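Coming up is one lone chain in structure tokens, specifically the form solved without the named molecule.
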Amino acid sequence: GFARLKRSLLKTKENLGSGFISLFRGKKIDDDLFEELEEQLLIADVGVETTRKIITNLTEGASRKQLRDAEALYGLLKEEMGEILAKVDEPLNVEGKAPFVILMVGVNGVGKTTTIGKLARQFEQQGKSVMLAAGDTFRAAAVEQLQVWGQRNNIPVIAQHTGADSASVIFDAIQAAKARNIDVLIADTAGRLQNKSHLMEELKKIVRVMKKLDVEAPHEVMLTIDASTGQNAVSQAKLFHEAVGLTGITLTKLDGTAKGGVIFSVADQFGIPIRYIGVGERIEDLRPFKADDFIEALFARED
């Protein structure tokens, strides 16, 4: 089962999940084994803190249960790592708002820009009217790219001159969305990390301004991070969550990277729902995150 996701995770399965089998084959449970397992988790970008938790719980379980053969650790690991992901399994529900406002935050990159377009296309296929707000106002090339994408797909894009106030662009976009019976408004934001304090004050202003039109907006603050960036995804998540309240995460580029293990660090450290994972280039390859499918694909050795 889950053959498509197994293929997407092929490189990650070399070190995690089914990748544990060859590590445990024929070994005894002792300090040396747990040291090697810890190293393998860290090499897979699970992160120091999440790895320490896994090792602590696995060591105590094996000791209390008086396990002797390392092979038995496979099942315990599947349970422990499966629970990490199940705790952040909650799909995004955009129904019933006028409009439902998604504030897209994260650092500038192919991930965030592509995710906006894929989500917009998916929502349209679901029968919803979509509008985009070009809130990354100082990057003229990014704004035009979004306007061009909107014209190619007949989706309206709200934009102002280069250097306009991002909070004003998004405010005007919400007003236009309400006036035009839009179901979902997706607002892009700046993603420059050179001046951390400036970006976070900018995001806080965007959120405050929205409340004049709808106290419930933004209905979702979605972070986009790239699994191929390893621990940079974790530090980016920490920065954006501490400044603005994240309510969902999209993790892109899980396919073809040996760093897929970072999903466990993101899930464990922040406890924010992972709404979507990107496992391919098609629109539909931005798929709703299902923790059970993911863990089964990761740990199953069959195809």
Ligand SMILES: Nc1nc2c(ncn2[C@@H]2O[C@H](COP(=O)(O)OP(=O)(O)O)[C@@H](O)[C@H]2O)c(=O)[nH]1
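Numbers follow the displayed sequence, beginning with 1.
Beyond what is shown, the protein has a form deposited with the named molecule bound; the following relates to that form.
- Clashes are found between the named molecule, overlaid from its position in the deposited bound form, and the backbone or C-beta atoms here, as 3 or more atoms lie within 2.4 Å; the site counts as blocked.
- In the deposited bound form, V107 approaches the named molecule with a heavy atom inside 4.5 Å.
- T229 falls outside the set of residues with a heavy atom inside 4.5 Å of the named molecule in the deposited bound form.
- Contact check for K253: a non-hydrogen atom falls within 4.5 Å of the named molecule in the deposited bound form.
- Of the heavy atoms in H219, none are within 4.5 Å of the named molecule in the deposited bound form.
- Partner proximity in the deposited bound form, defined as non-hydrogen atoms within 4.5 angstroms of the named molecule, places exactly one of 262 to 270, 245 to 253, 54 to 62, 38 to 46 at the interface: 245 to 253.
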